[PDB]
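Here the structure is laid out as structure tokens; the discussion comes afterwards.
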Amino acid sequence: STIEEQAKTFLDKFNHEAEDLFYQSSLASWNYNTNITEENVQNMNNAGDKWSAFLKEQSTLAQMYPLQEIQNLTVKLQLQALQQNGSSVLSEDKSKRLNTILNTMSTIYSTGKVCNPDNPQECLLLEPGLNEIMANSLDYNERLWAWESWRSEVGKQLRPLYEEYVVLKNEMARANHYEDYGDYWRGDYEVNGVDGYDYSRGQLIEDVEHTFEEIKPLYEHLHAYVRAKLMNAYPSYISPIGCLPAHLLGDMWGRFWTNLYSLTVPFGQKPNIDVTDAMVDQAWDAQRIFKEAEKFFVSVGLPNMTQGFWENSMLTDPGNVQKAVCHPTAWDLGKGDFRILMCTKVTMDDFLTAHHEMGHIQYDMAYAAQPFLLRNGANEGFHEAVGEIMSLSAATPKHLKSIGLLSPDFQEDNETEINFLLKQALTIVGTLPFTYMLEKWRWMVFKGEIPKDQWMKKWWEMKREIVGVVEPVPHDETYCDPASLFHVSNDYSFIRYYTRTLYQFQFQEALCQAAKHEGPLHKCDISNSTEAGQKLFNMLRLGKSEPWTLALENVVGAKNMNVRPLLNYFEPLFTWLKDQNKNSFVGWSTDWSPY
Amino acid sequence: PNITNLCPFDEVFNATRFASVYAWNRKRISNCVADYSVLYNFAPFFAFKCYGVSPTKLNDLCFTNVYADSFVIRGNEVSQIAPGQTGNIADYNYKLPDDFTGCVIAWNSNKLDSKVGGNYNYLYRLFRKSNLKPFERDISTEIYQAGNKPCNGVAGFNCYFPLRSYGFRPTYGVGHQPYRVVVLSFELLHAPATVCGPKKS
Ligand SMILES: *[C@@H]1O[C@H](CO)[C@@H](O)[C@H](O)[C@H]1NC(C)=O
Ligand SMILES: *[C@@H]1O[C@H](CO)[C@@H](O)[C@H](O)[C@H]1NC(C)=O
Ligand SMILES: *[C@@H]1O[C@H](CO)[C@@H](O)[C@H](O)[C@H]1NC(C)=O
Ligand SMILES: *[C@@H]1O[C@H](CO)[C@@H](O)[C@H](O)[C@H]1NC(C)=O
Ligand SMILES: *[C@@H]1O[C@H](CO)[C@@H](O)[C@H](O)[C@H]1NC(C)=O
Ligand SMILES: *[C@@H]1O[C@H](CO)[C@@H](O)[C@H](O)[C@H]1NC(C)=O
Ligand SMILES: *[C@@H]1O[C@H](CO)[C@@H](O)[C@H](O)[C@H]1NC(C)=O
Numbered sequence: 019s020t021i022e023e024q025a026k027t028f029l030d031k032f033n034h035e036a037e038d039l040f041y042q043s044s045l046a047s048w049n050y051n052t053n054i055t056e057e058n059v060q061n062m063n064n065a066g067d068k069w070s071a072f073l074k075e076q077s078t079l080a081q082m083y084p085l086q087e088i089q090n091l092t093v094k095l096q097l098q099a100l101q102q103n104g105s106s107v108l109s110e111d112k113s114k115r116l117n118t119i120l121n122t123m124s125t126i127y128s129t130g131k132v133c134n135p136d137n138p139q140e141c142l143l144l145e146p147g148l149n150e151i152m153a154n155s156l157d158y159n160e161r162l163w164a165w166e167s168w169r170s171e172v173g174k175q176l177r178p179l180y181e182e183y184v185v186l187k188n189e190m191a192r193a194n195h196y197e198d199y200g201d202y203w204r205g206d207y208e209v210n211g212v213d214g215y216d217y218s219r220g221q222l223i224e225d226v227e228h229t230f231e232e233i234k235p236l237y238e239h240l241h242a243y244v245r246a247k248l249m250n251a252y253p254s255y256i257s258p259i260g261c262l263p264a265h266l267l268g269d270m271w272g273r274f275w276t277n278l279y280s281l282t283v284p285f286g287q288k289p290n291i292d293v294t295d296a297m298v299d300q301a302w303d304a305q306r307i308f309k310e311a312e313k314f315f316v317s318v319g320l321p322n323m324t325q326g327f328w329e330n331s332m333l334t335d336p337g338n339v340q341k342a343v344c345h346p347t348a349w350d351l352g353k354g355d356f357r358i359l360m361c362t363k364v365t366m367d368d369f370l371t372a373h374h375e376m377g378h379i380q381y382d383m384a385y386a387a388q389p390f391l392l393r394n395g396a397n398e399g400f401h402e403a404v405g406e407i408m409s410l411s412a413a414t415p416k417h418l419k420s421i422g423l424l425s426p427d428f429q430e431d432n433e434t435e436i437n438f439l440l441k442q443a444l445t446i447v448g449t450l451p452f453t454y455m456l457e458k459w460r461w462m463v464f465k466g467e468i469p470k471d472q473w474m475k476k477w478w479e480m481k482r483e484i485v486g487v488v489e490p491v492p493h494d495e496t497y498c499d500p501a502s503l504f505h506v507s508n509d510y511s512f513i514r515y516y517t518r519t520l521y522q523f524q525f526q527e528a529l530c531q532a533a534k535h536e537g538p539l540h541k542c543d544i545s546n547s548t549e550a551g552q553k554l555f556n557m558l559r560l561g562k563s564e565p566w567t568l569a570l571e572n573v574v575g576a577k578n579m580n581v582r583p584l585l586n587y588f589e590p591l592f593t594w595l596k597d598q599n600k601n602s603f604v605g606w607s608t609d610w611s612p613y
Numbered sequence: 330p331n332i333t334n335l336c337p338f339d340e341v342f343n344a345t346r347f348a349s350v351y352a353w354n355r356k357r358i359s360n361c362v363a364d365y366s367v368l369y370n371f372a373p374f375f376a377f378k379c380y381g382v383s384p385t386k387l388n389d390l391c392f393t394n395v396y397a398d399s400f401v402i403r404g405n406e407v408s409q410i411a412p413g414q415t416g417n418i419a420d421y422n423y424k425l426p427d428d429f430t431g432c433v434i435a436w437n438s439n440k441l442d443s444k445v446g447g448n449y450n451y452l453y454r455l456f457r458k459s460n461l462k463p464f465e466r467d468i469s470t471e472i473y474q475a476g477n478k479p480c481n482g483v484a485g486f487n488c489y490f491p492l493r494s495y496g497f498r499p500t501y502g503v504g505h506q507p508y509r510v511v512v513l514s515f516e517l518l519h520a521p522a523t524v525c526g527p528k529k530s
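Each protein sequence line maps, in turn, to chains D and A. The authors' numbering numbers the first residue of the first sequence as 19 and each following residue consecutively. The authors' numbering numbers the first residue of the second sequence as 330 and each following residue consecutively.
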């Protein structure tokens with residue numbers, strides 16, 4: 019009779035129809051992804067169309083229930099998720115123009131071909147060739163040519179597109195009662211209505227700032243060390259007092275520093291912990307790799323894989339005749355159906371990735387009891403964080419000695435720990451200032467703090483001030499240097515990586531104190547510990563029903579992002595970097611002294 | 330005494346077509362000799378939980394009428410076919426009394442009730458004004474009036490069709506695969522009990 023009971027009945031009908039239609043959409047997407055054929059393309063398009071039309075009409079019927087008279091938190095959360103207008107709030111012409119702009123940005127990024135002048139007979143694409151030339155080459159002018167050419171072409175073809183994109187997204191967010199599009203993206207972390215666990219959209223930026231201020235000393239030492247090693251690579255081009263040249267960061271954009279392990283190795287004489295040879299000698303097929311990951315997950319106490327998982331997942335590349343997407347993806351199709359799309363190779367990297375995707379599947383499996391619209395992570399960071407903790411635990415020497423990949427006579431001295439921690443630092447600590455800088459630039463450009471004709475000058479200045487990376491040559495407003503990255507060009511939130519990185523080490527400390535680990539954090543394994551699995555599964559079972567602050571309090575006993583686990587993880591590497599940066603200068607200057 | 334005139338349990342358990350849980354099928358069994366050996370012999374059973382009588386002494390204690398109720402539900406709801414339970418199936422589709430004397434039998438039926446396109450021929454009642462009484466069926470297709478405005482027979486806002494389809498597919502998880510359930514309810518009346526098991530000598 020009341021509004022709340024009407025909302026509950028409406029949500030029951032929505033949940034049944036949503037799970038059926040979502041299952042059909044997910045099955046069609048799976049059939050396209052494992053079998054790239056045009057009938058599968060049109061089937062996936064038809065199912066996606068029916069799903070999008072279904073959510074459009076259900077949101078239209080859902081906005082007839084006002085939220086101010088609903089007291090149950092779960093029903094209020096489901097209705098808040100359902101009643102979001104999205105892009106529908108605009109006029110049909112502006113919405114169509116926005117979708118056209120997003121599609122053409124996607125096609126420009128996917129089909130962007132940049133090649134050498136005077137040799138136009140064939141040209142090289144970004145994903146096959148530019149990644150290889152950015153990650154493997156040691157030539158300064160070659161990397162400069164690739165970097166400047168790609169940014170020049172992509173920036174000139176994408177700058178007015180981004181110019182219209184910021185205005186259209188800003189109008190969409192302000193029509194949706196948000197301050198800006200950055201506020202719309204920060205709304206994923208917003209918690210309202212729960213006493214003590216309340217989290218605002220506005221608070222996130224200072225929280226990120228508060229974490230980054232403590233990130234900054236460790237990164238500075240790492241930056242100094244990397245600079246010194248790059249001085250060995252490039253003798254005269256890099257200055258001791260200045261920033262790093264932008265096209266020397268090992269990637270196209272400087273997002274990851276993991277390609278510099280060869281140049282910046284602490285101890286090249288020491289071997290690595292690569293166990294690929296042990297797999298190929300013992301004939302470890304992909305099925306048994308996933309079986310080992312399942313054994314790890316049942317050691318910690320989580321439930322094992324379903325029978326339908328083993329029957330329906332395609333864990334091996336099918337062949338030349340059948341084309342499939344090779345990207346590792348964990349699929350929650352709904353209705354108890356969980357699959358992994360992975361073209362497994364017999365390597366340690368695929369083994370760790372299998373652990374990561376099975377962590378994704380376990381996270382999806384735990385919240386199956388939740389209502390359909392609450393079947394997600396509590397925020398965007400948790401879902402990747404719970405897979406990255408499995409990737410952390412599986413990569414330890416203790417776990418590799420446990421399952422027979424690593425010999426019991428392997429000596430774990432401090433030098434291999436230092437080089438392993440430096441590899442982890444180049445992957446993890448390296449991406450944090452880039453992520454925070456990119457998100458903060460996007461937040462100010464959506465907010466209007468940055469003037470329209472001052473974008474590049476502001477962006478490069480922050481790259482000098484935050485990341486400590488200098489541009490090779492000055493760029494004017496004909497360029498759109500942020501837009502060369504995949505996430506910004508295709509309308510993706512980027513702060514999930516920063517929050518995921520913090521939540522990863524927070525969860526790792528919570529599980530390691532749960533499992534009674536008496537050593538350094540990077541050696542810790544959560545195997546054979548039921549209590550750590552129970553502590554994690556308490557968060558996994560909630561899904562999106564509870565605030566992310568409450569889920570974090572359930573795991574780590576804190577309701578806010580903490581950077582102390584991450585610095586505690588990298589503590590011996592931090593002491594080592596402090597030791598060997600005595601001769602070098604820690605910190606950078608914003609001047610263009612290197613170039 | 331020779332053994333003949335066995336009760337038709339083949340008709341109930343081995344039927345080619347079961348019924349939806351909203352219109353659950355009820356078959357009365359009388360004037361025959363019921364042997365429970367065949368049921369116990371059958372391996373695929375997911376639940377053989379019995380209430381009020383032991384499964385071992387089914388063949389000797391004997392009753393006046395035996396009711397076999399057959400329907401198809403999803404695996405997650407098999408726990409709801411019990412006395413004292415709540416859910417969609419218990420409240421709106423099939424209710425057992427708190428003093429239920431009988432057995433519930435359930436088994437997986439993927440090979441018979443799952444279709445790749447989706448089997449949309451199994452239905453259940455999702456909305457009903459009041460809970461079902463024990464051993465009651467509701468086959469009405471009246472539009473559920475959830476609000477204050479009259480439905481007038483047309484669905485829409487705050488007016489939902491109560492029967493929703495169990496879209497069974499072979500790739501579903503074990504909690505969502507189709508399960509065939511047969512409920513045996515035994516009753517004694519003032520009439521002479523004529524459903525009695527076999528005799529040995
Ligand atoms: C993949 O699609 C092709 C389309 O011609 C079909 O013949 C083939 O059976 C499909 N593969 C599988 C495993 O179903
Ligand atoms: C909210 O609704 C759910 C069912 O929709 C119920 O289980 C829960 O107890 C309700 N919470 C409160 C606080 O009433
Ligand atoms: C969604 O857009 C409609 C169209 O005007 C509006 O009436 C409604 O209030 C919007 N919903 C929200 C949550 O802003
Ligand atoms: C999962 O584990 C249970 C017991 O721990 C076992 O009965 C079941 O067979 C396992 N699943 C598979 C697919 O083997
Ligand atoms: C490793 O430990 C030995 C033990 O004295 C020490 O001499 C050496 O400097 C340490 N090396 C590193 C990289 O910590
Ligand atoms: C976990 O338990 C199994 C079975 O008892 C054992 O073989 C394995 O060595 C254990 N793992 C560790 C790291 O001790
Ligand atoms: C059903 O068919 C099977 C097939 O062999 C048979 O063994 C069984 O006795 C039949 N009856 C019942 C009640 O299962």
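A virtual CB, placed ideally from N, CA and C, is assigned to each residue, including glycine.
Which residues of chain D have a Cβ atom closer than 7 Å to the Cβ of residue i, listed in chain order?
i: A/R493; result: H34
i: A/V401; result: Those within 7 Å of A/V401 in chain D number zero; the least Cβ separation is about 16 Å.
i: A/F342; result: Within 7 Å Cβ-Cβ: nothing; A/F342 doesn't reach chain D, min ~24 Å.
Using three-state DSSP, classify residue i as helix, strand or coil.
i: D/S47; result: helix
i: A/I434; result: strand
i: D/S411; result: helix
i: residue 14 of chain D; result: Any answer about residue 14 of chain D is impossible in this case: the structure gives chain D only from 19 up to 613.
i: D/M152; result: helix
i: A/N417; result: helix
i: D/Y158; result: helix
i: D/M455; result: helix
i: A/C361; result: strand
Applying a beta-carbon distance threshold of less than 8 Å, which residues of chain D neighbour residue i?
i: A/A475; result: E23, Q24, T27 and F28
i: A/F486; result: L79 and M82
i: A/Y369; result: Those within 8 Å of A/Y369 in chain D number zero; the least Cβ separation is about 26 Å.
So is residue i in contact with chain D if we call contact Cβ pairs under 8 Å?
i: A/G416; result: no
i: A/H519; result: no
i: A/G526; result: no
i: A/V483; result: no
i: A/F375; result: no
i: residue 276 of chain A; result: Residue 276 of chain A falls outside the range modelled here, since chain A spans only 330 to 530, and no answer is possible.
i: A/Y351; result: no
i: A/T393; result: no
i: A/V503; result: yes
Can you round the beta-carbon distance between residue i and residue j to whole angstroms, since I take them to be within the 8 Å contact cut?
i: A/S349; j: A/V401; result: 7 Å
i: D/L392; j: D/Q139; result: Not quite, the Cβ-Cβ distance comes to about 55 Å (not below 8 Å), so this is no contact.
i: A/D420; j: A/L461; result: 6 Å
i: D/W168; j: D/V132; result: 5 Å
i: D/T519; j: D/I446; result: 6 Å
i: D/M270; j: D/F315; result: Between D/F315 and D/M270 the Cβ distance is about 35 Å, and since that is not below 8 Å, they are no contact.
i: D/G173; j: D/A501; result: 7 Å
Taking 8 Å as the CB-CB cut-off, is residue i touching chain A?
i: D/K74; result: no
i: D/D382; result: no
i: D/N330; result: yes
For this session: At 3 residues or longer, and completely inside the stretch 348-385 of chain D: list those beta strand (DSSP E) runs for me, N to C.
Result: Unbroken beta strand (DSSP E) stretches of 3 residues or longer found wholly inside the stretch 348-385 of chain D: 355-359, given in chain order.
For this session: Run through the stretch 480-526 of chain D for me and flag every whole alpha helix (DSSP H) of 4 or more residues, listed as ranges in chain order.
Result: For the stretch 480-526 of chain D, whole alpha helix (DSSP H) runs of length 4 or above, ordered along the chain, are 504-507.
For this session: Go through the stretch 187-259 of chain D residue by residue and report every complete run of the beta strand (DSSP E) that reaches 3 residues or more, in order.
Result: The stretch 187-259 of chain D contains no complete beta strand (DSSP E) run of 3 or more residues.
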